[PDB]
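A quick write-up on the structure given underneath.
Note that we place each Cβ from the backbone using ideal geometry, even for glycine, and neighbour counts take in every protein chain shown. The values are calculated or read from the model by the stated rules, or taken from the named source; these are not laboratory values.
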Protein chains: 2
Amino acid sequence: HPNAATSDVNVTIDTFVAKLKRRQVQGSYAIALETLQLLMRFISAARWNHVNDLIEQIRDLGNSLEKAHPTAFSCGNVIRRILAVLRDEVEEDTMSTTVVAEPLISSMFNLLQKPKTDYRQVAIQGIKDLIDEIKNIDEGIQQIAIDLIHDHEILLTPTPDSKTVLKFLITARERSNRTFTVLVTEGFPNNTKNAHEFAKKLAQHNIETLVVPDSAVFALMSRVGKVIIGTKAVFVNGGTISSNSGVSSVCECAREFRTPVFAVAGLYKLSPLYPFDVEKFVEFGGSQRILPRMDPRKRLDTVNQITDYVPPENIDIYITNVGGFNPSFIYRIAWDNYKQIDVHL
Amino acid sequence: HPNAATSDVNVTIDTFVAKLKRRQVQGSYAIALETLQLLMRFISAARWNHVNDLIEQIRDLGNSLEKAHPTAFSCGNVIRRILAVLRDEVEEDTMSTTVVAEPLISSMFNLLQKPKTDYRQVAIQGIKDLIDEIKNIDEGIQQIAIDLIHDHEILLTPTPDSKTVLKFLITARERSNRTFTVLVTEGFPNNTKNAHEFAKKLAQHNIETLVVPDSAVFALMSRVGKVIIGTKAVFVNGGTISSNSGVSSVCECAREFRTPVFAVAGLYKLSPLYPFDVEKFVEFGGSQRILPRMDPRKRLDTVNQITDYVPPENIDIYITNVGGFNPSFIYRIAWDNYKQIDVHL
């Protein structure tokens, strides 16, 4: 389905498309908020009267949105989240229009046994609940996370870019009973500016700050207590795409030294998609920021990448608003929020 | 050869044999001293005039001494040490009686190219030098060893029995610039009393003492900086026989956590023998110290062993009076002091 029907009534589709492609929109948290407001505008304005035609139209809109921007997983997840909230209430509604439906638990096995209302209002409130969930994640993290780190323990941190992780670290430093030393890898080609702001906010709160070059990670790994990841997107197998530069090597460095790896994330950040190849999912950077002068750049073919991937073999915990989960279990948390059909849009 | 010739002239042979079998003599350092004084009495008293008949007689005496006591490696090594000091001076003497002898270095390859004096005085002085070497090892250790351990690092120690290691630890604590926390595994069935005296002498010098049960080793390994071994005997492949109880598991615990392993030893403690099987070399303890009452001991077949073995896969450094060496090199240090023939006595 094209945007020919939604042009005069809905204009904000194309402005979000413009915000993605030229990267005017920044940070998964913000991308999610916009798509929420998009779906808010879609239900409030449209006229449908039919339900199945409506849902499949939403599926096509989400399909086009993910094709417009591949790194906007938070875009794709939010739509998929509302899709499933819709689908449950429709399946509840069809049971009343026809007239045991309660075997034991909420399982799977969709290959075995076969099969006017206020539905739109529920769809409205379903968006509102998603917003409030994205608004408050930190409260759900701090009750699980600030139980695992001890006094006189040194914390090494790749990806200082995450707003989520920094605020988790500040709530722990607020506790006068807890003392920890912070090592921060720079992440030269991208994270530098963000890493420097990270080091500034730690000094602002008076926490023992240590700025580390990306070479020196090995030269400290014997002294490191724990490793924390500021992830962007979490996957089925467990693995993460993080907010740029110098993570993968640090995780490899941690595993060889058998140093524990922590990850702080949200369920909206969590994705039901599978990373079959890193080659497709990871976004590459601009080599302009590395080396000046273009006549030597004929011979200097420089390689730089923004997003960094970690395989599930390294990290052990994904502390969310719900709780702490192991990478060998995180798939269930995903299927508790997104349906099996709501993947290939 | 029997002790029928050496009975009225030499009496102290049989008193040392009595000291070994009933374990009246204690600690490898003391066993070495006695055998030195034995060989001191053998040269001072005997009449030989011939050299090759003398050396082969000494070989038979050493063969009988090791058969009398298998755990007295320090006995076996000291004889082997003087044997080689003898053999070099004889080979130097035969070159003058006959009349390049200097190819490059001091090699091996005894399978390639073929072949009155003050010799007895040299044999006398050779014993004297061995004593002085055994008298002073600590001076040669402290100059290599107290260079590797840092401030705020936690040291876990199996085998508190060694006089060598404790004195190495006290010289480092003497340095006001160096601070370290000491964890000590108890070693229940044997080391207990010695471990408690170890903890007392650390408090006497005011070093942060921590007494650890043999179960709790795992529960601390994440926090451990380094591991130190108080070995009794070191071998060709690198591996060690240590002064009793709870070492092997600690070393296994260290390797899994990738925590560094240190060993403090002497060259007289070092052996040219190969441990083909632990089954033969390790001495077993007395089960009386575990469990009382003999009527249940019909059904309670309890297992306890004194000496503990460590494979070379774990430890990394053997700091001696000469210096620090890797287990993949220690064989050369051995061959620099003992000859190839002087093994199978």
Inset, instruction - Filter the helices (runs of 4 or more DSSP H) completely within the stretch A:118-228 down to those with at least 2 residues that are in contact with an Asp or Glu (Cβ under 8 Å, 6 or more places away or on another chain). - result: A:119-135, A:163-174, A:192-204
Legend entry - Breaking point among (1) more than 29 Å from A:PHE281 (Cβ to Cβ); (2) outside the structural domain of A:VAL264 (by CATH), for A:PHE73: (1)
Inset, instruction - Within the stretch A:101-118, identify whether any single residue is surrounded by 10 or more Cβ atoms within 10 Å (Cβ to Cβ), more than 30 Å from A:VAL17 (Cβ to Cβ), under 29 Å from the mean Cα position of the chain (by Cα) and of a type in the set (D, E, K, R), and answer yes or no. - result: no
Legend entry - Checking B:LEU300 against (1) under 14 Å from the mean Cα position of the chain (by Cα); (2) closer than 22 Å to B:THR192 by Cβ, the condition it does not meet: (1)
Legend entry - Close pairs from the stretch A:298-310: first in the same structural domain as A:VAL250 (by CATH) and closer than 25 Å to A:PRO70 by Cα, partner of a type in the set (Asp, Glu) and surrounded by 10 or more Cβ atoms within 10 Å (Cβ to Cβ), Cβ under 8 Å, at least 6 apart: A:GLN305/A:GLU283; A:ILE306/A:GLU283; A:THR307/A:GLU283
Inset, instruction - Please state which one of B:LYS226, B:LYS232 is within 14 Å of chain A (Cβ to nearest Cβ) and under 22 Å from B:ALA172 (Cα atoms). - result: B:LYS226
Legend entry - Which numbered condition A:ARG332 misses (of (1) assigned by CATH to the domain that holds A:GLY266; (2) outside any helix (DSSP H, G or I)): (2)
Inset, instruction - Would you check if B:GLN305 is surrounded by fewer than 17 Cβ atoms within 10 Å (Cβ to Cβ), of a type in the set (S, T, N, Q) and touching a strand residue (DSSP E or B) at 6+ places or on another chain (Cβ under 8 Å)? - result: yes
Legend entry - Candidate set: the stretch B:203-239, residues that are under 27 Å from B:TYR268 (Cα atoms) and aliphatic (A, V, I, L, M); chosen: the one surrounded by the most Cβ atoms within 10 Å (Cβ to Cβ): B:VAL234
Inset, instruction - Look through B:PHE281, B:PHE276, B:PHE262 and report the one residue that is of a type in the set (A, V, I, L, M, F, W, C) and surrounded by fewer than 14 Cβ atoms within 10 Å (Cβ to Cβ). - result: B:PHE276
Inset, instruction - State whether the residues of the stretch B:282-300 include one that is closer than 28 Å to B:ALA219 by Cα and within 14 Å of another protein chain (Cβ to nearest Cβ). - result: no
Inset, instruction - For the stretch B:242-275, enumerate the residues that are touching an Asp or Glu at 6+ places or on another chain (Cβ under 9 Å), within 14 Å of another protein chain (Cβ to nearest Cβ) and part of a helix (DSSP H, G or I). - result: B:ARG255
Legend entry - Check on B:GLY238, touching a strand residue (DSSP E or B) at 6+ places or on another chain (Cβ under 9 Å), at positive phi and more than 14 Å from chain A (Cβ to nearest Cβ): yes
